[PDB]
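Below: the structure, in structure tokens.
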Protein chains: 2
Amino acid sequence: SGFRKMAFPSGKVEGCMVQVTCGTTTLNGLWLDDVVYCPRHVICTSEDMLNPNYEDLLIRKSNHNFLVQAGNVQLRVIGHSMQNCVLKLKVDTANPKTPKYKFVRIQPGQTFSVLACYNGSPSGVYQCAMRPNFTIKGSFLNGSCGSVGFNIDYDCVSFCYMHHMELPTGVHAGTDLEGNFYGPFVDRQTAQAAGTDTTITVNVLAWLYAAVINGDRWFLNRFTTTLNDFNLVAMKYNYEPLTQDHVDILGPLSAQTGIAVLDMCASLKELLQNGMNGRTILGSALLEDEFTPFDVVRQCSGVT
Amino acid sequence: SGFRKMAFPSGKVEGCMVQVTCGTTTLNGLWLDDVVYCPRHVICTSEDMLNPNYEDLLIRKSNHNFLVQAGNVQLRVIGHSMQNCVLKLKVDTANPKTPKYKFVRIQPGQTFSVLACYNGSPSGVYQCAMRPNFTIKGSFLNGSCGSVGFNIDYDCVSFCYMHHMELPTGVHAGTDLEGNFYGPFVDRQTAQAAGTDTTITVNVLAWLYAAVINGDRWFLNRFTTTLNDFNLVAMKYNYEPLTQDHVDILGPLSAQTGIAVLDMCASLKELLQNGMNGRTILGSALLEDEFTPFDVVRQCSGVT
Ligand SMILES: CC(=O)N1CCN(CC(=O)Nc2cnccc2C2CC2)CC1
Ligand SMILES: CC(=O)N1CCN(CC(=O)Nc2cnccc2C2CC2)CC1
């Protein structure tokens with residue numbers, strides 16, 4: 001029993017972190033096989049960030065201008081290329097600790113673990129979600145760029161995020177490992193406002209199921225609703241619309257607890273309208289939305 | 001910017017996890033040098049847990065009755081001894097991945113990371129605190145016993161907790177790595193009720209400083225208080241008394257933000273009396289107390 005915001009064990013990713021320096025800028029890189037991936041803004045000065053022409057700035061850089069250090073040992077860079085907003089630095093040595101891996105592009109609402117790093121060294125691990133506005137609410141200071149987000153399926157690490165930017169509002173933006181930004185964000189120091197950060201409804205319902213499984217049941221009510229009625233309330237509260245696909249995904253939690261998905265929707269509808277009244281659910285005074293239905297099943301079953 | 005509940009990178013601890021089986025019970029063990037540490041209740045049947053005589057039950061066990069498996073390879077047990085509530089299984093092979101380590105006994109209010117494991121395999125990592133009633137609010141299912149809590153200081157892992165029990169109320173109890181339980185708990189399936197789970201005041205203040213550093217400043221008020229006046233309110237709200245030692249520990253955060261510790265106490269006093277009014281601080285609707293002042297400085301500075 002008990003339910004925690006839990007990150008994946010970070011060891012497999014720690015073995016991939018390296019430091020990348022270009023000129024006066026140092027950030028993190030991800031070393032997989034003989035390639036080091038890092039944000040292309042490693043080539044920029046503070047001034048360059050205002051309106052960078054990456055293709056032009058990159059012409060002035062050679063392989064020897066990218067300093068890659070793994071622990072206290074220097075890697076030899078034998079090639080470099082830009083793919084979208086990431087640089088791929090080909091090195092002469094395959095990372096001996098390369099785990100089984102995939103590069104995946106996640107959808108909003110999906111959760112992942114971040115291994116926050118500085119100077120190629122891991123500082124901490126935390127769990128977050130791709131927000132519906134394509135930002136993430138992370139914990140990143142200057143030097144954390146190139147830190148990555150990932151999920152693990154037994155022994156395969158699916159990398160889904162690489163940190164690039166902090167928006168003027170303190171929220172974060174980054175790319176998948178092919179260098180494509182999530183959402184409309186760009187690697188330029190300019191006005192980039194985020195859209196509405198709506199609540200991930202299917203994750204809230206999954207978390208209410210985790211609460212019932214772990215004994216917190218006070219919010220269960222005598223009501224039911226329909227998808228259309230629920231969605232009218234969800235729209236009003238800036239919650240994402242719930243679809244039949246989401247109801248299907250919640251099926252195993254509904255089966256385990258015996259609480260129909262639409263009945264849990266009705267409980268959530270009353271929590272939205274009435275509030276918590278100073279009460280808590282799984283130690284929280286707000287409805288948590290950074291646990292997917294898969295995370296709830298995984299934690300409640302004990303998948304290693 | 002941004003502030004997350006962050007655990008230490010778990011890799012150094014993942015390299016120490018092993019599976020320990022005795023008869024029909026399988027749990028986790030911690031392999032450091034040539035010793036495997038695990039809860040002594042690995043020797044108990046479900047019936048034994050009701051009123052176990054560990055010294056008597058242990059007489060019926062020999063070295064060959066303890067099966068230790070590291071990955072898919074079996075370790076040879078050449079000695080076994082009980083130290084308080086843990087067994088120390090001497091093996092013929094030193095763990096090649098043994099990090100620099102210490103065994104420490106933490107005080108209530110101190111935080112640590114847990115690497116939750118099943119069958120010697122890591123499932124996730126999360127952050128928690130030793131509650132003032134000596135319980136921890138973890139996420140542990142059957143098979144998680146022997147999972148450990150730790151802190152890291154650069155390259156040295158200080159192990160502070162080993163999981164042993166889930167109380168009838170769903171909260172958790174365990175020992176330090178010398179096998180001494182935190183608090184009054186025992187490794188027996190009997191009535192063990194926890195005391196008052198008070199809020200760790202100095203951690204709440206540290207977290208309010210993290211909020212100011214990260215832009216959430218709405219709760220800062222025009223008031224101050226004294227330790228004695230603050231403590232009268234803290235007692236009423238089931239918060240731990242704040243001491244001059246706590247004020248001293250908050251000194252660096254006070255210096256960084258320019259907000260005197262007693263002024264932050266006055267802001268906290270108004271939050272306790274007035275509530276949040278539907279507002280949030282660092283994405284939370286309740287006052288978070290599982291960040292120590294050291295955790296706040298570490299995260300806000302980027303220690304690796
Ligand atoms: C060379 C340069 O001025 N750069 C290179 C691009 N970066 C982009 C950027 O947003 N990085 C960043 C990401 N997360 C947290 C914090 C920061 C930094 C304090 C801003 C800004 C700094
Ligand atoms: C042999 C036996 O019956 N044991 C051995 C001692 N254990 C003690 C115990 O509290 N373990 C435990 C810890 N955390 C979460 C969950 C559990 C278990 C479901 C109870 C109980 C089970």
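Just follow the structure's listing: the first ligand is 1, and inside any ligand the first atom is 1. Letters A, B, ... mirror the listed sequences (proteins, then strands); counts begin at 1. Atom set for the values below is all heavy atoms of this structure, side chains included, hydrogens, waters and symmetry mates excluded.
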Identify the protein heavy atom lying closest to atom 4 (N) of ligand 2, giving its residue, its atom name and the separation to 0.1 Å. B:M49 CG, 3.9 Å
Between A:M165 and ligand 1, which residue portion shows a heavy-atom distance shorter than 4.0 Å: side chain, backbone, both, or neither? both
Measure the spacing between CZ of B:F181 and OH of B:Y161 and express it to the nearest 0.5 Å. 7.5 Å
B:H41, portion touching ligand 2 at heavy-atom distance under 4.0 Å: side chain
Nearest protein heavy atom with distance in Å, relative to atom 14 (N) of ligand 2: B:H163 NE2, 2.9 Å
Going by the closest heavy atom to atom 10 (O) of ligand 1, which one wins out of A:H172, A:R188, A:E166? A:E166
Should the proximity of A:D187 to ligand 1, defined as any heavy atom under 4.0 Å, be assigned to the side chain, the backbone, both, or neither? neither
If only side-chain N and O atoms count, and only distance matters, is there a donor-acceptor pair under 3.5 Å linking B:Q19 with B:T26? no
Answer yes or no for atom 6 (C) of ligand 2: protein heavy atom present at a distance under 4.0 Å? yes
So is B:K5 actually on top of B:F291's ring, under 6.0 Å and inside 45° of the axis? yes
How about B:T111 and B:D295: does a side-chain donor come under 3.5 Å of a side-chain acceptor? yes
Taking C-beta and beyond as the side chain, do B:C300 and B:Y209 meet within less than 4.5 Å on heavy atoms? no
For atom 9 (C) of ligand 1, what's the nearest protein heavy atom and its distance? A:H164 O, 3.6 Å
Looking at A:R40 and A:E55, does any basic side-chain N land under 4.0 Å from a carboxylate oxygen? no
For B:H80 and B:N63, which I'm curious about, is there any donor-acceptor pair between the side chains at under 3.5 Å? yes
Identify the closest protein heavy atom to atom 19 (C) of ligand 2: which residue and atom is it, and at what distance? B:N142 OD1, 3.7 Å
Taking only heavy atoms of B:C44 into account, list the atoms of ligand 2 that are under 4.0 Å away from them. 1 (C)
B:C44 and B:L57: which non-hydrogen atoms are nearest, and at how many Å? SG-CD1, 3.8 Å
Looking only at protein heavy atoms, which one is nearest to atom 15 (C) of ligand 1, and how far off is it? A:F140 O, 3.2 Å
Using heavy atoms and a threshold below 4.0 Å, how should the contact between B:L141 and ligand 2 be classified: side chain, backbone, both, or neither? backbone
Counting only heavy atoms, which portion of B:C145 has something under 4.0 Å from ligand 2: side chain, backbone, both, or neither? side chain
Short side-chain donor-acceptor distance under 3.5 Å, B:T135 and B:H172: no
Below 4.0 angstrom from a heavy atom of B:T45, which ligand 2 atoms are there? Numbered from 1 as shown, please. 1 (C)
Counting only heavy atoms, which portion of B:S46 has something under 4.0 Å from ligand 2: side chain, backbone, both, or neither? both
Are B:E178 and B:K88 ion-paired here, with the side-chain N under 4.0 Å from a carboxylate O? no
